[PDB]
Amino acid sequence: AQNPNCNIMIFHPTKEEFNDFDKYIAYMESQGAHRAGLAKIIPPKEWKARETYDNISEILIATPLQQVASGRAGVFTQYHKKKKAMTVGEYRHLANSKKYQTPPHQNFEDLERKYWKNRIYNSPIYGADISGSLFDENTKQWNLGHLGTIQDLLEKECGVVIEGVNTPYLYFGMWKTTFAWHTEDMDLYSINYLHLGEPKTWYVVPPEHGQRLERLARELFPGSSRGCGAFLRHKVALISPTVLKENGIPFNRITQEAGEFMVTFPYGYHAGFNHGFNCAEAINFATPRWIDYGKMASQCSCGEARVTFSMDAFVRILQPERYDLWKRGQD
Ligand SMILES: O=C(O)CNC(=O)C(=O)O
Ligand SMILES: [Mg+2]
Ligand code: NI
Ligand SMILES: [Zn+2]
């Protein structure tokens with residue numbers, strides 16, 4: 001068995017290897033990358049996502065989200081308070097203000113210590129989930145707006161044509177902006193490209209050990225667990241590395257820098273935080289190996305998780321027993 005310790009693997013494809021996305025995902029899996037739940041892909045030196053980032057300031061963040069925490073420093077939830085619209089240029093200036101900027105630090109490890117110590121005492125503002133792309137249309141390799149769609153994959157694997165579309169999303173971050181512990185919708189893959197700015201630190205639990213994280217989460221968030229049988233679908237709970245280590249939960253960590261891709265694998269729980277002003281782009285995708293994970297994915301039916309239009313068909317076809325109750329949650 002390749003990568004039996006479930007370490008995060010880092011890949012350096014050549015420009016030739018960067019041509020065929022599906023093939024390269026399958027290669028990484030042949031080497032055991034999926035066992036970690038997360039992999040890093042450093043693009044060939046010849047590749048670029050676009051020529052420059054000099055003209056992005058007029059992108060609108062229609063609903064910036066202030067991420068307000070409740071709890072203790074290593075075990076907290078966050079809720080999102082909607083703020084007034086602002087441009088990327090306005091948001092960048094806000095991120096660099098004295099109130100929100102990254103503090104002085106020695107190295108990524110020191111910054112990580114400061115994040116876990118101090119996150120809860122601040123409410124950073126995240127520009128998340130903005131439909132769009134920063135890849136140039138002429139970028140032919142690993143262009144996250146030109147991937148094969150999940151609907152086409154389901155149709156190729158299973159023979160059933162379904163409605164829905166699959167487009168990318170932009171994320172504009174600042175110091176302390178936080179992504180809570182989650183797997184993807186329908187336990188899909190994700191791919192995330194850090195276009196510019198400061199790093200993003202990731203934490204991940206191997207897919208084979210996901211249920212250990214879920215059990216800890218039920219213990220640590222006992223009211224939320226009674227409210228919903230899949231409350232991590234709400235994407236609000238944070239648990240620190242120290243708390244995970246105290247409770248014996250297997251996990252790994254890695255920092256993504258600008259110009260790097262990260263891939264999350266089916267049922268790989270992940271969480272993390274941004275180091276400072278940055279912009280990332282991410283999208284879900286599927287491969288043949290996903291189908292079995294899609295069929296078994298948990299679902300929120302309490303009504304809180306509320307997701308995209310395209311998830312309907314995935315539930316309806318892969319999880320027909322659950323369909324009824326899940327759709328009651330969505331309506
Ligand atoms: O970058 C973020 O805020 C969160 N991204 C992801 O969870 C992802 O790419 O799957
Ligand atoms: Mg612009
Ligand atoms: Ni994710
Ligand atoms: Zn729920």
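Position 1 is the first residue of the sequence, and the numbers go up from there.
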message: Let me check something: do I8 and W181 share a hydrophobic cluster, defined by ILVMFWY side-chain heavy atoms less than 4.5 Å apart, either directly or through other members?
response: no
- prompt: In a check of side-chain hydrogen bond (donor to acceptor under 3.5 Å, both in side chains) between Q256 and each of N274, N278, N192, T201, which one passes?
  reply: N192
task: Might you point out which heavy atoms bring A297 and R233 nearest each other, and give the distance in Å?
output: CB-NH2, 3.8 Å
- prompt: Backbone N or O of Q141 within a donor-acceptor pair of the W47 side chain at under 3.5 Å?
  reply: yes
message: Suppose we screen for side chain to side chain contact (heavy atoms under 4.5 Å, CB included). Which residues come up paired with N96, at least two apart in sequence or across chains?
response: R92, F277
- line: Value for NE2 (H182) from CG (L213), rounded to nearest 0.5 Å, stands at 12.0 Å
query: Which of these, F21, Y193, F11, sits in a ring pair (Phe, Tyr, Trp, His ring centres under 6.0 Å) with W142?
result: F21
field: Atom of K200, atom of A280 and distance for their closest heavy-atom approach
entry: CE-CB, 4.0 Å
message: Rounded to the nearest 0.5 Å, what separates atom SG in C279 from atom CD1 in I56?
response: 5.5 Å
message: Given 3.5 Å as the limit, does a donor-acceptor pair link the side chain of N7 with the main chain of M9, or not?
response: no
message: Please check if the number of heavy atoms outside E321 that lie under 6.0 Å from its CD is greater than 12.
response: no
- prompt: Can you tell me how far the OH atom of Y293 sits from the OG1 atom of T183, to the nearest 0.5 Å?
  reply: 11.5 Å
query: Applying the 4.5 Å side-chain criterion to the ILVMFWY set and letting contacts propagate, would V236 and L65 be lumped into a single cluster?
result: no
task: May I ask you to decide if the ring planes of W202 and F179 are parallel, tilted or perpendicular, using 30° and 60° as cut-offs?
output: perpendicular
- request: Would you confirm whether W116, through its side chain, and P241, through its main-chain N or O, come within 3.5 Å as a donor-acceptor pair?
  value: no
query: Hey, does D185 have a side-chain heavy atom less than 4.5 Å from the side chain of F314?
result: no
- prompt: Which heavy atom in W290 sits nearest to a heavy atom in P266, and how many Å separate them?
  reply: CD1-CG, 4.2 Å
task: Flag yes if more than 12 heavy atoms outside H105 fall under 6.0 Å of its NE2 atom; otherwise flag no.
output: yes
Main-chain N/O of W175 paired to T102 side chain as donor or acceptor, under 3.5 Å: no
- prompt: Of all residues at least two apart in sequence or in a different chain, which pass the side-chain hydrogen bond (donor to acceptor under 3.5 Å, both in side chains) check with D110?
  reply: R113
message: So which atom in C6 and which in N252 form the shortest heavy-atom distance, rounded to 0.1 Å?
response: O-ND2, 3.0 Å
task: Could you label the plane-to-plane angle of the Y171 and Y126 rings as parallel, tilted or perpendicular, counting under 30° as parallel and over 60° as perpendicular?
output: tilted
query: Do you reckon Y189 sits in the same ILVMFWY cluster as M186, going by side-chain contacts under 4.5 Å, direct or chained?
result: yes
- request: Please answer whether the main-chain N or O of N118 pairs with a side-chain N or O of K176 as donor and acceptor at a distance below 3.5 Å.
  value: yes
Greater than 12 external heavy atoms within 6.0 Å of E137's CD: no
- prompt: Would you say the side chain of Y203 lies within less than 4.5 Å of the side chain of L244, judging by non-hydrogen atoms?
  reply: no
message: Does any part of the side chain of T255, heavy atoms only, come nearer than 4.5 Å to the side chain of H275, both counted from C-beta?
response: yes
CD/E109: more than 12 non-hydrogen atoms of other groups inside 6.0 Å: no
message: Working to the nearest 0.5 angstrom, can you tell me the gap between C158 SG and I317 CD1?
response: 9.0 Å
- line: Nearest heavy-atom approach of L194 to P199 is CD2-CA, 4.0 Å
- prompt: Quick one: do the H80 and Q66 side chains pair a donor with an acceptor below 3.5 Å?
  reply: no
query: When you check the gap from the basic side-chain N to the acidic O, do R316 and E163 get nearer than 4.0 Å?
result: yes
message: Distance check, rounded to the nearest 0.5 Å: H12 atom NE2 versus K45 atom NZ?
response: 11.5 Å
field: Backbone N/O of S123 and side chain of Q67: donor-acceptor pair under 3.5 Å
entry: no
- request: Could you tell me whether the side chains of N19 and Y24 share a donor-acceptor contact shorter than 3.5 Å?
  value: no
message: Hydrophobic cluster membership, with links at side-chain heavy-atom distances under 4.5 Å among I/L/V/M/F/W/Y: are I150 and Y323 in one?
response: yes
- request: Report yes if the side chains of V204 and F265 come closer than 4.5 Å at any heavy-atom pair, otherwise no.
  value: no
- request: Grab the two heavy atoms, one from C302 and one from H234, that are nearest each other, plus how far apart they are.
  value: SG-NE2, 3.4 Å
Whether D152 side chain and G148 backbone form a donor-acceptor pair below 3.5 Å: no
field: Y27 backbone acceptor or donor facing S30 side chain under 3.5 Å
entry: yes
message: Test your reading of the model: is there a side-chain donor-acceptor pair from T149 to the backbone of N166, 3.5 Å cut-off?
response: no
field: Pair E184, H270: side-chain N/O donor-acceptor within cut-off below 3.5 Å
entry: yes
field: Stepwise side-chain contact (heavy atoms from CB on, under 4.5 Å) check, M174 with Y91
entry: CA-CA 9 Å; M174 67 169 62; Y91 178 85; 3.6 Å; yes
field: Test side-chain contact (heavy atoms from CB on, under 4.5 Å) applied to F18 and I41, step by step
entry: CA-CA 10 Å; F18 219 49; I41 309 93; 4.2 Å; yes
message: Pair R119, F76 - check side-chain contact (heavy atoms from CB on, under 4.5 Å), show working.
response: CA-CA 10 Å; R119 160 70 186 92; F76 63 90; 3.6 Å; yes
query: Quick one: are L154 and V160 in side-chain contact, heavy atoms under 4.5 Å?
result: yes
query: So, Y115 versus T178: side-chain donor-acceptor pair below 3.5 Å or not?
result: yes
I254 with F261, same ILVMFWY side-chain cluster at under 4.5 Å: no
query: How about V75 and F221: do any of their side-chain heavy atoms sit closer than 4.5 Å?
result: yes
message: For the backbone of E90 and the side chain of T87, can you confirm whether one donor and one acceptor N or O come within less than 3.5 Å of each other?
response: yes
query: Is there side-chain contact between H209 and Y269, with at least one heavy-atom pair below 4.5 Å?
result: no
task: Could you tell me the separation between the CD1 atom of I125 and the CG atom of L94, rounded to the nearest 0.5 Å?
output: 5.0 Å
query: Do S133 and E281 have side-chain heavy atoms sitting under 4.5 Å apart?
result: yes
From CA spacing to verdict: side-chain contact (heavy atoms from CB on, under 4.5 Å), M262, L38: CA-CA 7 Å; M262 305 298 295; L38 185 64; 3.7 Å; yes
